[PDB]
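Residue numbering begins at 1 within each chain, and the chains themselves are lettered A, B, C and D in the order written.
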Amino acid sequence: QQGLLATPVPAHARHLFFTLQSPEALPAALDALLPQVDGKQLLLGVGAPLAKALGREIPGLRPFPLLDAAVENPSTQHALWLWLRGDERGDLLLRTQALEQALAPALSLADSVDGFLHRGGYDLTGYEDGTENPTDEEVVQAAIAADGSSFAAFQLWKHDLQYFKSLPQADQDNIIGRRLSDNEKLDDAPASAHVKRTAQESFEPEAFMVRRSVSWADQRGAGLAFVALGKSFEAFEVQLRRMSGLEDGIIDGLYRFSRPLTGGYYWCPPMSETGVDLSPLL
Amino acid sequence: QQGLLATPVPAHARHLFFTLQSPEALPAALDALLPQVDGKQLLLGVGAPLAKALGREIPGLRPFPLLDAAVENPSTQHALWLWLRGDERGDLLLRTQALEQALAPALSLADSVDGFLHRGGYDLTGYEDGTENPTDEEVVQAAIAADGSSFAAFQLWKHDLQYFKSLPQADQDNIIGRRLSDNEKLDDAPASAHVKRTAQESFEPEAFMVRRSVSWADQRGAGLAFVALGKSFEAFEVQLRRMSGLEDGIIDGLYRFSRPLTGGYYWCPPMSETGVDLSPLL
Amino acid sequence: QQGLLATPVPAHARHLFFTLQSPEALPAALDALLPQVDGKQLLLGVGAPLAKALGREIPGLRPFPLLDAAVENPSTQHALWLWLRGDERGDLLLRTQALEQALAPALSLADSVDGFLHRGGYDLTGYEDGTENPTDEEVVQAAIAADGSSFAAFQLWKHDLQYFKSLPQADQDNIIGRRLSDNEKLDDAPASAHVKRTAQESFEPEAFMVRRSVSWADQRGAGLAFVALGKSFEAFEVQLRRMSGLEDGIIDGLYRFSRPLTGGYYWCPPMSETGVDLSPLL
Amino acid sequence: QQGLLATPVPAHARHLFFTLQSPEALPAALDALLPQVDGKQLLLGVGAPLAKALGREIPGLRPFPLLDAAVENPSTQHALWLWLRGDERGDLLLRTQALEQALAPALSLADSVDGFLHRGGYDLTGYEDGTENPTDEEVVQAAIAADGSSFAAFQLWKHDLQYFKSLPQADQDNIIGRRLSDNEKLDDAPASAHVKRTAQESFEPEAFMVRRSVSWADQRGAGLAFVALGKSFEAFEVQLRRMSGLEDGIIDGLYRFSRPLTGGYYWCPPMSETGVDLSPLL
C-alpha cells in the first residue's frame, strides 16, 4: 500500500493528469516513472483509458460515471494521475516540470492542480472538512482493498467565495450543515445540507470513505480539490448520486455556490517490496 | 426551425455555455432571453440538466455519453447553450457580456468559445472540413426532425499544430485521409484515417449529419469547435464510438494530434410564429 | 515607405513584440525575417534596445518616455515589433507561430495582441475613433519623415466596459467629448474630455498624427490597441503629457474607465527597392 | 519602522499593486486600509503617482527609472503597494480579496503576485540568494532612513528554467558567479556574472541594500519577485544600471535566461505609535 493515509499531510500538493497520445512511447516513459513512485512523496493512479489501451481490464476500475441529474458533475477521465505531496511548494513545481518532460511524448499533461492544505485541514470557506473521517485504525479498513489497492475519485470544485461569504451566517451554516462558529452539527438543518446529504451512517447498505482533499487557487478561480479514497467506488458514487438528487429529489446545498470542474476514477496500484506493483496491468 | 443551416455562415461565432445554479431566478432570465432568440443571429439549445431541473423530460435529449475507450472524450454537459453568429467579432463580444448579465443570477457562464470561420470553411491544419456535407436539399432532411427540432453535439478539440505540421506531408494526409495539396481522398489510406473512420456511407444502418464547426483560439490553445446537427444523436454517437475504437479496435488518427476538451448534447427547440418554441418544456 | 497608411485597413491585425536575449543568433534571425517584411501584410518597427544592442544610434529613436504624473502610462519598451495585417484571423495566428519559431533563439516573444477592426473603425464603447484623422493627402505629410521612415507609438489600453456603459449617456459623452448618438463634438464639454485634451489644433507649436488603432480581446480583458504614426514622437508625446495632466493639472477623462497596460516607441524603417531598408542600423 | 526586516520571513507572501482611478473615493478607502497596516503582516508602500495625485511631493520618492540600455527593464509604476506576509497561503488569498473590495472604487487591483519562500531563501534555479545580505545589525543601517522610512524597488523577473537548467553546470555557475554545488564564489568568473556585476563592495561610492525577494508561479510562468530595500533608491539604481551595461558595456548574465516583467519604486512610510505614519502625505 502507498502512503495515501499518512498523517500529517504535507502543507502542499500537486495533482497531475496525463492523456495517452503516443502509446508506442509508453514503455520508455514507464521505465523512468515507476522507479520514482515511492507512494509517499509521489503517488500513482491508473485511469480506465490507460487500462483499456493496454487491453487488460482491472477489476473495479471504470471511468468517472455520467449522472443524468439537475446538477453538473463532469466526467473528465484521464489516463494517468500523479499525486505529489511535499512541504516545499517550489520543489513540487520543479518536479512536475521534470515529470512532464520524462513522460513525453507518450503522455501529455492534460490537467494540473497547485494544491495547499489550508489551516491544517480547513476549506477556504472556513468550515473544517475532514471532521467525520474514520479513526486512524478504521482508515485502512475503509480505504484499502484486499490486494492493497485503493480506488480514488478526484473532483475539482470551484467556489464562488464572494457569493457564499455574502450570505448571512445562518444561510452558510444551513448549506454546510455545521455552525461556522463552533463546528457543531445543525441537527435541524435542511436535508439539503451537505452533512445531511453525506451522512456516512445514513446510507443503509454502504460504508465510509477516506477523504484527502486540499485547497487550490488558479487562474480558473479557487476552491477544493476533492479526493475520496476507498476499497471501491461504491461509497463515493452513492454519495454523489445522493448529493445530485438522484436518490431523492433533494439537491445538495453545495451546488448553490460551488460546482465541480473535473471528475475521474483512478485505481491506485499496491506497493510491493520493489516499488509500485503494476503487475496485473503488465 | 432556426437558422442552423443558413449559407454562408458568418465570419465569426461565439458559443456560450451556462450552469443553472439559482433555479428560483430562472423565470426572470427566460423572460429576457427568449425574445432575443431569433434563430439566425442568436440560437438556443437546451441541455439535459435544464430539462431534468424542470421535471419535464424531452424525447431524444440526454447528456453527452460516457465512452469507456482508449481515447478521452470528456462529458462536460451544461444546462444552456447560446450560439451567436455574426460578421463583427466585437459585436459578439459585446452581446455575450449583455447576455451574461441578463442571465444572472439564474445561469452562470460555465464556458465560452470565441470562434471564427477560417478561410470560408477550412481547419487550421489547412484541410477543408465540410466537403462531404449533404447537399443543400439533403441538409434539412438529415438535420431537422419531425417537429422542427435539431439535436446538436458540441466538442471543443484542441490541436497540437506544432506537432501535426512537423510530420511529413504523407503522414498528415494519412491521418486525415485526404491529400492537403488537392483535397482528394486517399483510397488506400489506413482505416484509422479520419475520413475512413467517419465515412458516412460506411455505417450500414445509420444516416448522415450536418456539421457547422468553426475554428477557435484561446489561452487554452487553438483548434476546432466541432458542431454536429441531426434529427437525433444516433448519427453522431455511432461516429464517435467508431472513432474511439469501440466498433473495432481501430482508433481514429485525429487523437494523435488533437483531443476534445469538452462535450455536450443539446436539444435545439423549434421556431414557432412567435419566437422560439419551448412549449414542451413549459 | 511601408503600407502603414493603406485604406481600407484589413479586418484583423496581430501585434508581436520580441525581447532580444541571445544576440549571437540575431544574424540568422534577420536573414529569415527581412525577406518577409513586405510593408503591407508584415510591417516592422525597430525598438531602442535593439539599436542600442548593435551600438548604432538611430536619430529620433528612443525608449517610451517616463511620465511622472498622476496617471500611469507604463514604459514596456521591447526590441522588435511585427505588425501583421490581414482579413483572415486564422492566417495571422498561423503566421505568428511561424514567425515565433524563425526568430528563436535570438528573439523571444514578449507580447502578442490579437486585434480586430470593430465596425470599420469604431471603439468597443461605440465611439467612432479616427474621425479627425488627416485627409488622405495630409496623411503622408504628417506620418512620414524625410527618408520615408515613420515613428510609431504603441499603447495597449484596457477598458472597463461594464463601468463605462453603466454611466449615463451624458457622462459617457463628457468623457469622450462627442455625442454617441451622432458623433458631434460637445463644444461645452469639460476640458478633461478626450477630444478637448487631444484637439490636434489646440497644440500651438505641434502638428498632427496618423492613428491606426484596432480593438483587442484577451484573457487580460478588452480595449483599444492604440497606434500613433508620425514623422517624430513629438506629436504623440505632447499629447500624452497633455492627457496625463503635465501641461496643466487637467487629467484626461479616459483614465476613469481605461488605462494603458503597455507602451513603446518603435522606428519604422523605410522600404527600398529591395525589401525593408535597415541600412543605417547595418 | 515597519517589519521589513523581521527574521525569519514567513513561508508565503502576496504582493498587491493598485491603480488610482476614482480619486474622490480615496478618503473612504484610506480610512479602512490604514487601521490594518500593522507593518508585520500587512506592509504599505506609496508610489509616485499617488503622491503626485495628492499634490504633496515626498523627498526621495520618484517613479521607476527608464534605462535606455540593451536590456529591457520595464517601468510599471503603480500608486499603491500592499505587502502581505504569512505562513498560510490560503489566508493571504482570502485577505487580498477582502483588501480588493475595501479599496474599490478608489483603487483597482493592477497586479498581484502569489509568492513563496523557496527552501528558506533559495531561487528556483537552486542558487541561494541572500547570502551577501548585510548582517542583522547592518540591515537597519542600510535599509532605514532618518525618519524610519524605507525606499523599496520591486521587479517581477520571469525565468526560463527549461533553458537555464539545460545548460552545463559550468555555464550556469558562470552566469550566477557562484558554484551550485557549494555556493562558493567563482573568483575567475566573467565580469558578466551576476555576483560580479552586483558586488556590493565593487561600487566605489555607493552602499549596500537589503533584499527580501521571494519566488513566484503564475500563468505568466515562474521566477523571482525581487525586493530591494534601502535608505534611498541610489543603491538599487546604480546596481541596475551596472547590470544593464550602462556603467560599462558588460551586460549581466541573468538577462540570458530571465527578464523583469514589472518595475516600480515605492516609499514605505514609517510606523508611529498609532499605526502607519502617512502624515507628510496628509
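As a convention for this text, a contact is a pair of C-beta atoms (placed from the backbone, for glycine too) under 8 Å apart; a residue touches a chain by one contact, two chains touch by 3 or more.
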item	value
Option in A-B, B-C or C-D whose residue-number contact pairs overlap A-D by over half	B-C
Chain C and chain D, separation of their C-alpha mean positions in angstrom	30
Distance from chain C to chain B - Cα centre to Cα centre, in angstrom	38
Chain centre separation in whole Å, for chain D relative to chain B (CA means)	48
Shared-contact residues (touching 2 or more other chains) in chain A	219
Arrangement of touching chains [line / ring / star / complete / other]	ring
Chain pairs that touch, as defined at the top of this document	A-B, A-D, B-C, C-D
Residue ranges of chain C touching chain D (in the complex, touch as defined)	19-22, 48-49, 52-53, 62-66, 68-72, 74-79, 108, 110, 160, 255-257, 259
For the chain D and chain A complex, residues of the former touching the latter	11, 88-91, 93-94, 97, 114, 116, 118-119, 122, 124, 161-162, 215, 217, 219, 222
